[PDB]
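K.L.:
Coordinates for the following, if possible.
(3 chains)
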Amino acid sequence: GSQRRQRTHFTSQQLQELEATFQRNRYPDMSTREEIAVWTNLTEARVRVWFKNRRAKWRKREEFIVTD
DNA sequence: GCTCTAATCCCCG
DNA sequence: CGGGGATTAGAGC
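P.N.:
Numbers count the residues shown, from 1 in each chain, chains lettered A, B, ... in the order given. Sure, the structure comes next:
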């Protein structure tokens, strides 16, 4: 890469659609990840890196534990 | 030096 | 297609 890494500055409005989706679908297809990007003014890869970090930081805080 | 977590590398099927 | 752990990265204590 050329621009190093941006990191963070997600707004609370993005989290309020992303978490409300993660409680009904933990593994969305690109056809749905682009819709989540329309509702937030993001793009599909931004939703995908949030979703794999959500599963990875579930594991890197709890490994198996869920309350759902 | 250490946490916390996003942006990405390499691997898996 | 894209998940999963390792990894590189970034701001606060």
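
K.L.:
chain center to the helix or strand encompassing residue A:21, what's the gap?
P.N.:
Under the criterion of DSSP states H and E, residue A:21 resides in helix A:12-22. Centroid displacement of helix A:12-22 relative to its chain, using CA atoms, centre = their mean, to the nearest Å, is 8 Å.

K.L.:
cool, and stretch A:30-50?
P.N.:
Remark: stretch A:30-50 is offset 8 Å from the chain centroid, using CA atoms, centre = their mean.

K.L.:
which residues touch it?
P.N.:
Here stretch A:30-50 makes contact (CB atoms under 8 Å, 6 or more residues apart in numbering) with A:10, A:13-14, A:17-18, A:21, A:25, A:28, A:51. (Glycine included, C-beta is placed from N, CA and C.)

K.L.:
can you give me the end-to-end distance of it?
P.N.:
Distance between the two ends of stretch A:30-50: 13 Å, counting by CA to CA, to the nearest Å.

K.L.:
go on, stretch A:2-10?
P.N.:
22 Å.

K.L.:
So that stretch, near DNA strand B or not?
P.N.:
Yes: Stretch A:2-10 reaches DNA strand B (CB under 7 Å from any atom of the strand) through A:3, A:5-8, A:10.

K.L.:
quick check: angle from the longest helix belonging to chain A to helix A:12-22?
P.N.:
Longest helix in chain A by number of residues (criterion: DSSP state H): helix A:44-62. In terms of direction (axes from the mean of the first three to the mean of the last three CA atoms, to 10 degrees), helix A:44-62 departs from helix A:12-22 by 70 degrees.

K.L.:
so how far is helix A:44-62 from its chain's centroid?
P.N.:
Its chain's C-alpha centre and that of helix A:44-62 lie 6 Å apart, by CA atoms, centre = their mean.

K.L.:
Okay, buried residues for it please.
P.N.:
Neighbour counts using 16 or more other CB atoms under 10 Å place A:44, A:46-47, A:50-51 of helix A:44-62 among the buried residues.

K.L.:
and what of stretch A:32-48?
P.N.:
If you call a residue buried by 16+ other CB under 10 Å, then stretch A:32-48 has these buried ones: A:33, A:36-37, A:40, A:42, A:44, A:46-47.

K.L.:
Nice, that's everything, thank you.
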